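Colleague: fold the following, please.
(2 chains)
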Amino acid sequence: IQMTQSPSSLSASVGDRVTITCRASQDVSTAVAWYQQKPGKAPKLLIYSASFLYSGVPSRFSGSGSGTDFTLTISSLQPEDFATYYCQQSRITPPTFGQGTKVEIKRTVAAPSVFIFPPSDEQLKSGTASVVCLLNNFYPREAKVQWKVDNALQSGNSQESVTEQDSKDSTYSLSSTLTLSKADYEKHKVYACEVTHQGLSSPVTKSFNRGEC
Amino acid sequence: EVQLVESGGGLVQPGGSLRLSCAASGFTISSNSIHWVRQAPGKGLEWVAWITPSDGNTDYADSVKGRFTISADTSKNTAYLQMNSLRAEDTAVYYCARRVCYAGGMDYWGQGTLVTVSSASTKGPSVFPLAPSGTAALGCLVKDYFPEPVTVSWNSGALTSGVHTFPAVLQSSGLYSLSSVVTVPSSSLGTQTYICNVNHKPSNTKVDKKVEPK
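Modeller: Numbers count the residues shown, from 1 in each chain, chains lettered A, B, ... in the order given. Structure as follows:
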């Protein structure tokens, strides 16, 4: 049996109603449960037997359905409700999970504060150079971070990481790390990260010149 | 209170074996079915196996059948997952859970235990300062460690406001890296000391790095 969840992802403002659907490839009667999972943590039971609220779960969560069509509804979305939500059928073995639906909290636009960090002297002695760019406390998550070395756009030598959405103000932070050999790093003067974001009227560039120039 | 507590996870060679344990408190395991569920890095939840300890009936996901064995010892109120012929595909956080019925669901879950299947050796991180230069940002780069996880605190836990510790990223070398950053008053940079406390249990590495203005 296949459990297909829709949508795969969604954003909605605080106070809004969110509806997630799970459809089964065969009649699973009402043997369908819903789980909330926050990143890195054990899933939490929300709804069992299609429509029953598990003890302790907030009254804003509800469930409906039977047969082949089931829904989870959050009637008033709160900032702490960002999670991946999963349906599971248990009418027949093997039990099968849905793909999951990521819920994000929509909020007003917020421009990132941007910081750049040169490689340490310790690292340089190892023979490698990491340059780090920080974008702090912004929304939406979509951001274009471009590396320029002596004003030349960089290709396949950086990796980004993003934090989970803040539980109170619903913002993100992001790091981009540029990795170069010490030989390459010491051939260039200007290291710059350029940030494009919906909150910024024009792109913001932070840079340093190697050799405290 | 009902509690499920897992143990037995860690780093293993491909082809190797590992036994996970799930110890139940506040209920008798024979009253329910006990399930193992896993989550591979960046993927969704995958059911792996269940057991009804009252009769020892079991079922397995097709990808695990033959290789894994679920069992239970009712006299220890504990269930087990014996994992053999381990492959990289089995790298995941493993959870145990109880399924309750009245029609039901998995109401109590273990904390999860990380199983990493790899031939790579343990390696502790190098910790490099991200030096600052009104709000100023500073941090530490925790580079080239294996396996996960690493823990990072600031000033031995006294600094928590404004801290962002990013998820680890696998580098092309097969080793992990992450950064932790914090924003502080610009006026504090000269006189207040900022220390990144890094712990990597798998290699028994503990590092404290002072981050100073450059």
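
Colleague: which elements pack onto the helix of greatest length in chain A?
Modeller: Secondary structure of chain A per DSSP state H: the longest helix is helix A:121-126. Helices and strands touching helix A:121-126, as assessed by 3 or more Cβ pairs under 8 Å, 6 or more residues apart in numbering or on different chains; DSSP states H and E, comprise helix A:182-185, strand B:126-130. Backbone N, C-alpha and C define where each C-beta goes, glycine included.

Colleague: of those, which approaches residue A:107 most closely?
Modeller: strand B:126-130 (27.9 Å; Cβ to Cβ).

Colleague: domain parsing for the chain?
Modeller: You didn't say which chain, so I picked chain A. Chain A breaks down into these domains under curated CATH domains: A:1-107, A:108-213.

Colleague: wrong chain, I was asking about chain B
Modeller: Domain ranges of chain B: B:1-119, B:120-214, per curated CATH domains.

Colleague: which one, of the ones you listed, ends up nearest to residue A:5?
Modeller: Of all the domains of chain B, domain B:1-119 comes closest under Cβ to Cβ, at 9.5 Å.

Colleague: near chain A, anything from that closest one?
Modeller: Yes - against chain A, domain B:1-119 shows contacts by Cβ under 8 Å from any Cβ of the partner chain at B:35, B:37, B:44-47, B:50, B:59, B:61-62, B:93, B:95, B:97, B:99, B:102-107, B:109-112.

Colleague: so what's residue A:107 up against?
Modeller: Contact analysis of residue A:107 by Cβ atoms under 8 Å, 6 or more residues apart in numbering or on different chains lists A:13-14, A:139, A:169-171.

Colleague: and the end-to-end length of stretch B:84-91?
Modeller: Its first and final residues considered, stretch B:84-91 spans 13 Å by Cα to Cα, to the nearest Å.

Colleague: try stretch A:106-119
Modeller: With Cα to Cα, one end of stretch A:106-119 sits 36 Å from the other.

Colleague: go on, stretch A:83-102?
Modeller: Stretch A:83-102: ends 6 Å apart by Cα to Cα.

Colleague: quick check, central residue of the chain?
Modeller: Let's take chain A. Taking Cα atoms, centre = their mean, the centroid of chain A lies closest to residue A:164, which sits 5.5 Å from it.

Colleague: distance of the residue nearest to the spatial centre of chain B from chain A?
Modeller: Chain B has residue B:114 as the residue nearest its centroid, 4.3 Å off, counting by Cα atoms, centre = their mean. Between residue B:114 and chain A the distance is 10 Å, computed by Cβ to the nearest Cβ, to the nearest Å.

Colleague: my read: that residue touches residue B:149, true?
Modeller: Yes - at 7.2 Å, residue B:114 counts as touching residue B:149 under the criterion of Cβ atoms under 8 Å.

Colleague: between these two, which contacts overlap?
Modeller: Common neighbours of residue B:114 and residue B:149 (Cβ under 8 Å, 6+ apart) do not exist.

Colleague: need the contact list for residue 61.
Modeller: Unless you meant another one, I'm taking chain A. So residue A:61 contacts A:34, A:46-47, A:53, A:72-75 (Cβ under 8 Å, 6+ apart).

Colleague: my question was about chain B
Modeller: Contacts for residue B:61 were tallied using Cβ under 8 Å, 6+ apart; they are A:94, B:46-49.

Colleague: over to residue A:78?
Modeller: Residue A:78 neighbours (Cβ under 8 Å, 6+ apart): A:14, A:60.

Colleague: pairing partners for the strand or helix carrying residue B:47, with directions?
Modeller: Here residue B:47, judged by DSSP states H and E, is contained in strand B:45-52. Using DSSP bridges, the strands paired with strand B:45-52 in its sheet are strand B:33-39 (antiparallel), strand B:57-60 (antiparallel).

Colleague: pick the most deeply packed of those.
Modeller: strand B:33-39 (a mean of 24; mean count of other Cβ atoms under 10 Å in any protein chain shown).

Colleague: what about that one, distance to the chain center?
Modeller: Put simply, strand B:33-39 sits 16 Å off its chain's centre (Cα atoms, centre = their mean, to the nearest Å).

Colleague: just the CA atoms of it, as PDB, please.
Modeller: What follows is strand B:33-39, C-alpha atoms only, in PDB (Å, rounded to 0.1, in the frame of the first residue of the first chain):
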ATOM      1  CA  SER B  33       3.500  -4.400  19.500                       C
ATOM      2  CA  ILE B  34       7.000  -2.900  19.400                       C
ATOM      3  CA  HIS B  35       8.200  -1.200  16.200                       C
ATOM      4  CA  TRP B  36      11.600   0.000  14.900                       C
ATOM      5  CA  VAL B  37      11.500   3.000  12.600                       C
ATOM      6  CA  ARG B  38      14.500   4.700  11.000                       C
ATOM      7  CA  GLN B  39      15.400   8.000   9.300                       C
END
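
Colleague: contacts for it, please.
Modeller: Here strand B:33-39 has contacts from A:43, A:95, B:20, B:22, B:24, B:45-53, B:70, B:72, B:79, B:81, B:90, B:92-99, B:106, using Cβ under 8 Å, 6+ apart.

Colleague: what sits against the residue nearest to the centre of chain A?
Modeller: A:38-39, A:82.

Colleague: please apply the same query to residue A:100.
Modeller: A:5, A:8, A:37, A:84-86, B:44-45.

Colleague: what do you get if the cut-off is 10 Å, keeping everything else the same?
Modeller: A:5, A:8-9, A:20, A:35, A:37, A:83-87, B:43-45 (Cβ atoms under 10 Å, 6 or more residues apart in numbering or on different chains).

Colleague: check residue A:67 too.
Modeller: Applying Cβ under 10 Å, 6+ apart, the residues near residue A:67 are A:23-24, A:26-30, A:32, A:50.

Colleague: now residue B:202
Modeller: Contacts of residue B:202 (Cβ under 10 Å, 6+ apart): B:10-11, B:114, B:116, B:122-124, B:145-150.

Colleague: tell me the contacts of residue A:190?
Modeller: A:148-152, A:207-210, A:213.
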